[PDB]
């Protein structure tokens, strides 16, 4: 019995399809264990409670390894989902008022990612080398902030639920979709597909060469799953296979 941890929302939806493919094509018995946010699946994998997880990109895994020394590696890529900026109050970042309130994720890699997107969009400039080379930028690394934006750093999962009280927020696509935001229609700015944020299936290092691993990855990287991703998420998630 293969226990795969994932985050409730689009990932869990995809995994219902993968579960079916894994059984029919690979003879695997997959159980999908859902988590509400990003915090626990690596710890649960490290401890043996899971056999794999499928919720993160490589910069996130790298950050987690730096923090906890997890012996966890990628077994293969799943999809990429360009992060968007959302607003209930403005149609463009150019419309932000003086002293506008923004919210971004507060974990090292996604906070860095959000600040880079804001930099790309010309809203801010980070201090030299703050967000590159593996370094992660925070709001304290902002060198230029012409509009004197007030940037809150909040838990990634909470961001959709503060939209009424900020002028814009940078929100991970899994959470945006779960909150009925559509990245291809509602976002006022969007990250490029040429980013390092493809998501992945992670397993314990010691298990990386087990036969079930390649079989599981094959089940995910299947025509059925690609078709589901295309149809269900309308281009906000792009298969990485």
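Positions refer to the first chain, counted from 1.
In this entry, the higher average B-factor at the C-alpha atoms falls on 137-145, of the pair 152-160 and 137-145. Just going by the entry, 192-200 versus 177-185 on mean CA temperature factor gives the higher value to 177-185. Within the listed group 81, 106, 98, 74, the record reports its top CA B-factor for 98.
When the modelled residues of the chain are ordered by C-alpha B-factor, residue 21 sits in the highest third.
Per-chain ranking of the deposited C-alpha B factor places residue 43 in the middle third. Annotation for residue 209: C-alpha temperature factor in the highest third relative to the rest of the modelled chain, per the entry. In this PDB entry, the Cα temperature factor of residue 127 sits in the top third of its chain's modelled residues, the highest group. When the CA B factors of the chain's modelled residues are split into thirds, the value for residue 49 lands in the highest one.
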